[PDB]
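Structural characterization, general
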Amino acid sequence: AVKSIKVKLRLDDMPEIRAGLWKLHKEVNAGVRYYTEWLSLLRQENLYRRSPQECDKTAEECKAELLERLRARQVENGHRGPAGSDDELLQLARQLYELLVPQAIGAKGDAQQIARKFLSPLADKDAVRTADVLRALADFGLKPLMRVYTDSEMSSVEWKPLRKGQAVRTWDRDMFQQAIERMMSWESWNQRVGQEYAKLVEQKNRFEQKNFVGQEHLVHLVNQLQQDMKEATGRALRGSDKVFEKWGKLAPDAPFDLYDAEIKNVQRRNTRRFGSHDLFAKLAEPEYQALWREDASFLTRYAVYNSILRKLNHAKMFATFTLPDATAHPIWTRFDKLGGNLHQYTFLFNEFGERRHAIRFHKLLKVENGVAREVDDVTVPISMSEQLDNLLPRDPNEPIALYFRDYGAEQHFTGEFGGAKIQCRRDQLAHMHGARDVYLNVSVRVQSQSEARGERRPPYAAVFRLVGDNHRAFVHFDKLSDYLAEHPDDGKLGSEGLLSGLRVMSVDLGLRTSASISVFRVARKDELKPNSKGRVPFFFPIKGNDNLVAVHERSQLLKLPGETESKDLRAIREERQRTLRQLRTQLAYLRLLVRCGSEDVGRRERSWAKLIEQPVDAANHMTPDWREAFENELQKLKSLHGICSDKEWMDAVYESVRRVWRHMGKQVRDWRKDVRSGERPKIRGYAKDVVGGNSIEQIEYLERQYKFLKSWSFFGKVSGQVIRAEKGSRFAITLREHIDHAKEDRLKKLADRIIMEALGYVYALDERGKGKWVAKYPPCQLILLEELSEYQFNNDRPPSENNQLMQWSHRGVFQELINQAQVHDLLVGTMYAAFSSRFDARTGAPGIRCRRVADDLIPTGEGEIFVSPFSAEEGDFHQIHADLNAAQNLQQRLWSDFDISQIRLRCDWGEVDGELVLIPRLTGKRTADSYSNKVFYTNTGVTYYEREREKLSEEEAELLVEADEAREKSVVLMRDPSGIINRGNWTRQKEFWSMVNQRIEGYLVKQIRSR
RNA sequence: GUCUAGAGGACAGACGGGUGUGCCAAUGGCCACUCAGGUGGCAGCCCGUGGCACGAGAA
């Protein structure tokens, strides 16, 4: 529970110090640059890499450079020999590196310890299995090995004098330790990035091994195709099933025009979604063997290989090396909490007033009149912050003791100041050499109540395993009965009630509603379990106990402010984007006209034909003045179409395109000026319904702007007026920042949102006035997240649910959850979520979603409410909210010890007894436990029956398997627990879901009855 | 009214003081050099009916 509080030093009156701060900074960095340069040098090896990747130093260059330093060193401390063989001296240097960085050889080390131990023999003449290394070193005349930076030429600074036969000032220590700490990190980072590349190469190389199977020629053909295309695949190639089915009728040695026509046929059926015409058109020629000759699958299979192939192409072998620079690569001056050894500081409460604090620096430095000398005790004011107002001091006599305070949470925590770092914006750093803002980053160590009670881990972590970090969750089932009596039920409802009862909250993440949470309490069945106000509660059996069951307390929908829906609201939302929708629709055709330019042929005709007369330029969404202007240049192109020569035509477009490009620039310029600075209504206080943030829609909307501007500009460079070299600077530096902070702010609030609920505090507006957290319900020990991908499973969640934002959001929340959750001891756990939205809890049988993403009723589409068959086969249909039910599923999965082996099975054809069978993918038990030496067979080929007899790489399991799917090689089976859908047998996957559609699609369609 | 999870339920109806980081309709203004976008130089908002969060560090 280290929280970091950054504060701004009002280093305003004293510019004697401000320069000092800056001088410190530059100075520390030089120190670290010194040692760190020694260390990089200090391994006899190894090639050092720096991208502009090019390797800055070999190999020998490090070795040749190091010897000189050493031999120069031997000369500096008078040596009467021996001076080691160069070769053997090198070994010692290597041996020393490793002790200095244990991580280099995959071991462990503490920079605090290794700095404490090693500096004095290294940097000191002592006068005014490591010990082999040091004794060996002095034998060779290399003590001290390295200069001490502050007591040196390099430092332009007058420090406080050195006495008492100590050769190292405190700072020489901090700089050394930083230098080690840094290498230790770098060494483990370089090893990881180097490894990932090989696993990419090795895993990629599998796909080449299994899939292409001695048919090089096809591969070469596409290689040859791609270059044909770039001369003057991915998942563009959307209609290949259909385009390729139809072509089969057509003949090789046949006219192309017949081929082009089929592409046009599928474009209309499948528009919007179609692969580039050009890819297909290119396909049409005598090169159609790639489609033409089985496998047909090959391009679709290949497209994946190209996915992987790029990734290694875009992935790097070595972690690049840069030495710190004050300005380019800053590292920060570091301090220590009062006590402990090195430079220290003291937080002063209310030093200059109430709520006005300051920081006393034992050992700050200051420059006067261009002379930089050291100073002893300095206090610096500090801008008042809300964050500071939170913390408190427990004992004046022992400083560094603070009460860290949370209100609602009803806890008051205890703790201490850790050490600080002084740092500024990285934007300013180039500027500094001048009033540039400076902050102090101060760590804060906070003791959870469990940490305070002296408990090593809280009482209930005994009962819940977690794993993989990526915490997985499993319950210990014996221990629930034990546990509960020791900690039985209570009124206690705050942070207080943590010991008292056992509770789990399950949270599902979704775009419309940020979290849907489910709370279940564990109580004995056949006790008061029947006692319910009014109706009996809903529950789940637990695997361990026949008198223990999980009672559901409440299920809720947690929404960030932006979530609410309304007529007034929807209106405002569509206005916001109206211009942007138009501008993107305008550019699309502006980019189309360019296509008319060709040069390469075929492109010119296809592009030309579509634009002019079919159906027409789109009135529906364009901005009108453009609509006219386009129609103008549109007529103009037509008149001159037969008449003009190829140049007259090509150069007519260029000039024609300029005409519309320029007009847009005013629209763009106009619009950016409005969004960038304009009147808009901005809320005050708390407004229940608000317009965008913190929703995904709002975040999305800001991205979309950025990602348009990147294209408006990019267009100009490709075709149109501009040609310019691209400088390092990226787009929309202001916007990029905004967005990222929106995003930061989103998920931090999303944690606190989820985190408050577990503790069962609700935020009640009245008066609002003041709305304050008031505790409501007893707290929940454990929090259940769901798991993340890759990969995206067929028939679990629409893609609408899956986009970089959702993935990013998932990742962000988990992290902030485990981080936020720490202070008050809440476990954070995850549960496989696959088909947690597809099946019921607890029929529980497969379903579909309805009605909506007159007054509508019952229609079926993805989102937002689940419906399923019950008990069974009409029977009846059971209706449930969609994301509420995913959460409830998570709970069932916990309590019953779910493994996905229960529902799904990946397997491929092999023959065991002169019979073809599906033989499972055994990785990894429970699946292995259940299904080892079981084998599946069919008579139908749709429904399957079971007869008797180290790497998991899940991310890569589906990918190798989806292609196996493309051939007949692999089949997936899925099964209903309920026995409703197929009699409960394993059914091939695709049929299984259709049977599911037909089952509910049918009653619903039928219920309509008469016209 | 409909639906199950029985619940915050989902769906319909002038003076004085401050300015740690950001979000919430929340992406500063002006001029000059090479419609977007950089690069260089110059000079609002809250509090005494405004809300919300916040470990940071490195890439």
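- Listed as the method for this PDB entry is X-ray crystallography; the listed resolution is 3.126 Å.

- As recorded in the PDB entry, chain A goes by CRISPR-associated endonuclease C2c1 and comes from Alicyclobacillus acidoterrestris.
- This structure appears in the PDB under the title "Crystal structure of Alicyclobacillus acidoterrestris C2c1 in complex with single-guide RNA at 3.1 Angstrom resolution".
- Checking UniProt for chain A, the heading Subunit contains the comment "Monomer."

Digging into the overall build of chain A
- Within chain A, the regular secondary structure consists of 26 helices and 33 strands.
- Referenced to the eigenvectors of the C-alpha coordinate spread, the extents of chain A come out at roughly 100 × 90 × 70 Å.

Considerations on the nonpolar core
- Grouped together as the largest cluster of nonpolar side chains are 88 residues, with contacts concentrated most on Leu96, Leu100, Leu122, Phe176 and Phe361.
- When residues of this core are assigned to their parent elements, the largest contribution, twelve residues, is made by helix α1 (residues 15-42).
- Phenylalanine 361 has contacts with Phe335, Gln344, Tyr345, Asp376, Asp377, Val378, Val380, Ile422 and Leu440, leaving out every residue within four places of it along the chain.
- Core analysis: the next-biggest nonpolar cluster, separate from the first, contains 55 residues, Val522, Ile755, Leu782 and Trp895 among them.

A word on the packing of aromatic side chains
- In total, this model carries 43 aromatic pairs according to the counting rule given.
- Measuring from ring centre to ring centre gives 6.1 Å for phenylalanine 520 and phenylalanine 538, while their planes differ by 80°; the resulting arrangement is edge-to-face. On the criterion of sequence distance, the pair formed by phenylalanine 520 in strand β18 (residues 515-524) and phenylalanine 538 in the loop between β18 and β19 (539-541) is long-range, its members being 18 residues apart.
- Relative accessible area serves as the criterion here: at 0%, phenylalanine 520 is assigned to the buried category.
- Ring plane angle 10° and centroid distance 5.1 Å describe the contact between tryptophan 626 and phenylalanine 630, whose orientation is recorded as stacked. Taken together, the residues span about one helical turn, with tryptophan 626 and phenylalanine 630 both in helix α18 (residues 624-639) at a distance of four residues.
- Each residue in the set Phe207, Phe212, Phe298, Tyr302 and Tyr305 is aromatic and connected to the rest through ring pairs, giving one cluster.
- For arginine 465, the ring lying beneath its charged end belongs to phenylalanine 474, and the centroid distance is 5.2 Å.
- Positioned over the ring face of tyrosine 701 is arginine 576, at 4.3 Å from the centre of the ring.

Observations regarding the side chain of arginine 838
- Within the secondary structure, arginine 838 is located in the loop between β24 (827-831) and β25 (848-850).
- The charged side chain of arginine 838 is buried without a salt bridge, its nearest counter-charge being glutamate 862 at 5.3 Å.
- Here the side chain of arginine 838 touches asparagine 795 through a polar contact of 2.7 Å, landing on its backbone oxygen.

Digging into the sheet that holds strand β27 (residues 876-881)
- The antiparallel open sheet is built from three strands, whose spatial order is β25-β26-β27. Edge strands, defined here as strands with exactly one partner in the open sheet, are β25 and β27. Each strand of the sheet is rotated relative to its neighbour by a mean of 40°, with strand direction disregarded.
- Bridge count for strand β26 (residues 865-870) against β27 is six bridges, and the pairing is antiparallel. The residue bridging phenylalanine 866 from the neighbouring strand is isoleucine 880, located in β27.
- Lying over the sheet, helix α23 (residues 882-895) contacts β25, β26 and β27, oriented at roughly 95° with respect to β27.

A closer look at the UniProt feature "active site" in chain A
- As recorded in UniProt, the feature "active site" lies at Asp508, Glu786 and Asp883.
- Overall, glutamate 786 belongs to the buried group, its relative accessible area being 5%.
- If we skip the residues at most four places from it in the chain, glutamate 786 touches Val507, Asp508, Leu509, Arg797, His810, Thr830, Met831, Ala833 and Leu890.
- Among the polar contacts listed, one links the side chain of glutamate 786 to the backbone nitrogen of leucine 509, at a separation of 3.4 Å.
- Among the secondary structure elements, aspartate 883 is positioned in helix α23.

Structural notes on the pattern of salt bridges
- With the rule as written, the count across this model stands at 41 salt bridges.
- When the shortest N-O distance is used, the salt bridge between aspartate 740 and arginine 736 registers 3.9 Å. Highlighted residues: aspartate 740 and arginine 736, both in helix α21 (residues 733-758), separated by four residues, approximately one helical turn.
- The exposure class assigned to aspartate 740 is partly exposed, which follows from its relative accessible area of 34%.

Describing the protein's contact with RNA strand B
- Close contacts around RNA strand B come from 84 residues, with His552, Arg684, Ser729, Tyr763 and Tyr777 the closest.
- Looking at RNA strand B alone, sugar and phosphate atoms form 70% of those within 4 Å of the protein.
- Interatomic distance of 2.9 Å between a backbone N/O atom of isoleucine 683 and a base nitrogen of RNA strand B.
- In terms of residues, the surface near RNA strand B owes the most to one element, α21, which gives twelve residues.
- Class assignment of the residues belonging to the surface near RNA strand B gives a composition of 28 nonpolar, 29 polar and 27 charged.

Section: the pairing of strand β12 (residues 401-405)
- Relative to β12, strand β11 (residues 391-393) is paired through three bridges, and the arrangement is antiparallel. Bridge assignment links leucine 392 to a residue of β12, and that residue is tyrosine 403.
- Judged from the five bridges that link them, β12 and strand β13 (residues 412-423) form a sheet pairing that is antiparallel. In the sheet register, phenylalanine 404 faces β13, and the bridge partner there is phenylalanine 413.
- The hairpin formed by β12 and β13 contains six residues between the paired strands, and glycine 408 there has a positive phi angle of roughly 50°.

Let's talk about the UniProt feature "binding site: phosphate" in chain A
- What UniProt calls "binding site: phosphate" maps, in this numbering, to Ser837 and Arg849.
- By the element assignment, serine 837 lies in the loop between β24 and β25.
- For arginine 849, the location among the structural elements is in strand β25.
- Sequence-distant contacts of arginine 849, that is, excluding residues within four places in its chain, are made with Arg797, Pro798, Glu801, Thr860, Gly861, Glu862, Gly863, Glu864, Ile865, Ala882 and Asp883.
- At 2.8 Å, the side chain of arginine 849 forms a polar contact with the side chain of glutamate 801.

As for the sheet that holds strand β6 (residues 344-348)
- What the four strands build is an open sheet, ordered β5-β6-β7-β10; its pairing is mixed. Pairing within the sheet leaves two strands with one partner each, and these edge strands are β5 (336-337) and β10 (377-381).

Looking at the packing of helix α7 (residues 216-229) against helix α12 (residues 298-313)
- At their nearest, the axes of α7 and α12 sit 12 Å apart, and the two run at 70° to each other. As judged from the angle between their axes, α7 and α12 are roughly perpendicular. Between α7 and α12, the residues in contact are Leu218, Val219, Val222, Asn223 and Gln226 and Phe298, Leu299, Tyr302 and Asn306, respectively.
- Partitioning the contact of α7 with α12 into residue classes produces six nonpolar, three polar and no charged.

Re the domain arrangement of chain A
- For chain A, the assigned domains read domain 1 (15-194), domain 2 (213-313), domain 3 (464-560 + 750-839), domain 4 (567-678 + 687-746) and domain 5 (897-1007).
- In this structure, domain 1 and domain 3 have C-alpha centres spaced 51 Å apart.

Considerations on the packing of α12 against helix α25 (residues 954-966)
- Close contact between α12 and α25 brings their axes to 9 Å; oriented N to C, the two are set at 165°. The orientation of α12 with respect to α25, classified from their angle, is roughly antiparallel. Where α12 crosses over α25, the two elements pack in a sense that is left-handed. Residues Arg301, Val304, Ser307 and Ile308 of α12 touch α25, and the partners they reach there are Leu959, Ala963 and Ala966.
- Each residue belonging to the contact of α12 with α25 can be placed in one class, and the counts come to five nonpolar, one polar and one charged.

Some words on the environment of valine 971
- As for its placement among the helices and strands, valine 971 is situated in strand β32 (residues 970-974).
- Judged by its relative accessible area of 7%, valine 971 falls in the buried class.
- Not counting chain neighbours up to four residues away, the residues in contact with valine 971 comprise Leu905, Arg906, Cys907, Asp908, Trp909, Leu918 and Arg988.

Cut-offs used in this document
- As a numbering rule, every chain is indexed from 1 in the order its sequence is written, which need not reproduce the entry's residue numbers; residues that lack coordinates are not presented.
- Note on labels: chains are lettered from A, ligands numbered from 1, in written order.
- Excluding hydrogens and water, the side-chain figures rest on all heavy atoms present in the structure.
- Residues with missing side-chain atoms are left out of burial classes, side-chain pairs and their counts.
- UniProt positions are given in the numbering used here, feature names are shortened, and annotations may be inferred rather than shown by experiment.
- Only DSSP runs of H or I reaching four residues or more are called helices, and only runs of E reaching two or more are called strands; each is numbered from the N terminus.
- As used in this record, nonpolar core signifies buried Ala, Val, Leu, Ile, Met, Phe, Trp, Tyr and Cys residues forming a set joined through side-chain atoms within 4.5 Å.
- Note on classification: 1.4 Å probe, protein chains only; a residue is buried when its accessible area is under 20% of the maximum for its type, exposed when over 50%, partly exposed between these limits.
- A contact between two residues is defined here by any heavy atoms of the two lying within 4.5 Å.
- Aromatic contacts are taken between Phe, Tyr and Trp rings whose centres are within 6.5 Å, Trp giving its six-membered ring; a plane angle under 30 degrees counts as stacked, one over 60 as edge-to-face, and the others as tilted.
- Note on criteria: charge over ring means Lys NZ or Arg CZ within 6 Å of the ring centre, with the direction from the centre no more than 35 degrees off the ring normal.
- In this tally, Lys and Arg are treated as positive and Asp and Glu as negative; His is ignored, and so are the chain termini.
- Salt bridge criterion: a side-chain nitrogen from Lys or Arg within 4 Å of a carboxyl oxygen from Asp or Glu.
- What qualifies as a polar contact is a pair of N or O atoms within 3.5 Å, subject to a donor-acceptor requirement within protein and to the restriction that residues adjacent in sequence count only when both atoms come from side chains.
- Only strands joined by at least two bridges in the DSSP assignment are considered to pair.
- An axis is simply a line fitted to the C-alpha atoms; with a helix, the fit covers only the stretch in contact. Between two such axes, the angle follows the N-to-C directions and lies from 0 to 180 degrees.
- The rule for a residue being near a molecule or strand is that one of its heavy atoms must lie within 4 Å of it.
- Amino acids outside the nonpolar list (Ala, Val, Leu, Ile, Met, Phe, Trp, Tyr, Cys, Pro) and the charged list (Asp, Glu, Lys, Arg) are all regarded as polar, and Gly is one of them.
- Angles are sorted into four bins: roughly parallel if under 35 degrees, roughly antiparallel if over 145, roughly perpendicular if 65 to 115, and oblique for all others.
- As used throughout, domain bounds are those supplied by an automatic or database domain assignment.
- For any helix crossing, the convention is left-handed if the near helix is rotated counterclockwise from the far helix by under a right angle, and right-handed if that rotation is clockwise.

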